[PDB]
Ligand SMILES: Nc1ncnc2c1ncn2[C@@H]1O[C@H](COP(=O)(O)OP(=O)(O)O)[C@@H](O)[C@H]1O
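To begin, one chain is listed below as structure tokens, in the form solved without the named molecule.
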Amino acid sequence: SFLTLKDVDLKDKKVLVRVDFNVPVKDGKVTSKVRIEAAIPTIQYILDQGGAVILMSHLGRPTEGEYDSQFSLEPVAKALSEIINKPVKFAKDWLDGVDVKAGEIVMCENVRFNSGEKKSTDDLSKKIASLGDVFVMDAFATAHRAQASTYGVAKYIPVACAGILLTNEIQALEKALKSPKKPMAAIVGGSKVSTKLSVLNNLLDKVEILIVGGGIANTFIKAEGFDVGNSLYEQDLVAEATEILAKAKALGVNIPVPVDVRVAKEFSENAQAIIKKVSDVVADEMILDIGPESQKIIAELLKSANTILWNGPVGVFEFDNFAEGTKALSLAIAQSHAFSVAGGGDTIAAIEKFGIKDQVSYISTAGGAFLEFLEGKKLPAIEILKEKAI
């Protein structure tokens, strides 16, 4: 395992916390408070245990060795101060030491400004580590990248553990991917198979039901030999999709390839959907959504599931005439008592549109980290936390 805040000594300790404070900024004011409000339980626990909080985060895309004001975390410090109702000192030159007492909060300048952050150089990692006694990794969105303030600091700090947010995230993802309650259904939607091929390969031997969506499903329809016309699909990944369908068949995994679809003759919000059987798609037409019979099959399957992993829609739900497939998917997940884990920008946009946020067990706000976890890849920041637990 890895250590958590509940099993480390924090009383009269300089505690370095790596948070996700990559918040949007406009006219020297932050425009979102969600990421700041999310870190509050971790900070309050450290403060109540009698420690000193040293906050660390990245903000935007700056160049290492180039301090740029538009990338500074000073508006984030000011926002947190107004939220937690406690003073937050901003340390511009943090690496040269941080003067903090127990019960105080100090916000470091953006890490990505320092040389060696992305590479996780021993020199910078040793310097960050010398600033404190405890390191708390609470930024899951950067766990898939080995950086000095995510990975290196853990190597040299006396004690390294995981914050309340990273704990909850890893607990939820592992409850879906490592130890699920069968049957388990995974939904993998997206534009290309190539982009989610490592995900599909990793889920195939873990899931009972594998639902494919969007451009991914269209390549599977062509793999099943039906003409997809002018739909979005990968002709070069058709042979790979056929192999995935054969592996699934042998494994006893259900891939409910659409039996019916909703086509269009123009890719727009003004286009009208035409319900066709999967075998009746014309050279002119575009599959933009699944059809009503496919909707009911997915609903009935998701009804039986005890674990649901959701990564993508089954259609172009942004267009109301092609939103019925994803709406029915969303409502089936919402009505389910299964432990449901959702992740992906499009997935979250679907949850928001269909208003089922409070009916999804856990919603991941991470992009690349959620996907790399789903690929079965070992995230460097979680791994170093496990090595430090031994």
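Residue positions are given as counts along the sequence shown, with the first one as 1.
The form solved in complex with the named molecule is left out here; the points below concern that form.
Within 2.4 Å of any backbone or C-beta atom of the shown chain, none of the atoms of the named molecule lands once it is superimposed from its position in the deposited bound form; the pocket counts as open. The partner is absent here, but in the deposited bound form a heavy atom of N218, alone among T150, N218, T307, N110, sits within 4.5 Å of the named molecule. Scanning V228, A79, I244, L288 against the named molecule in the deposited bound form with a 4.5 Å heavy atom cut-off leaves one residue, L288. For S191, a non-hydrogen atom is located within 4.5 Å of the named molecule in the deposited bound form, even though that partner is not displayed. Shown alone here, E318 lies within 4.5 Å of the named molecule in the deposited bound form, counting heavy atoms only. Proximity of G51 to the named molecule in the deposited bound form falls outside the 4.5 Å heavy atom cutoff. Shown alone here, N311 lies within 4.5 Å of the named molecule in the deposited bound form, counting heavy atoms only. Only one of 155 to 163, 199 to 207, 183 to 191, 298 to 306 lies within 4.5 Å of the named molecule in the deposited bound form by heavy atoms, and it is 183 to 191.
Counting a residue when any of its non-hydrogen atoms is within 4.5 Å of the named molecule in the deposited bound form, there are no hits in 31 to 59.
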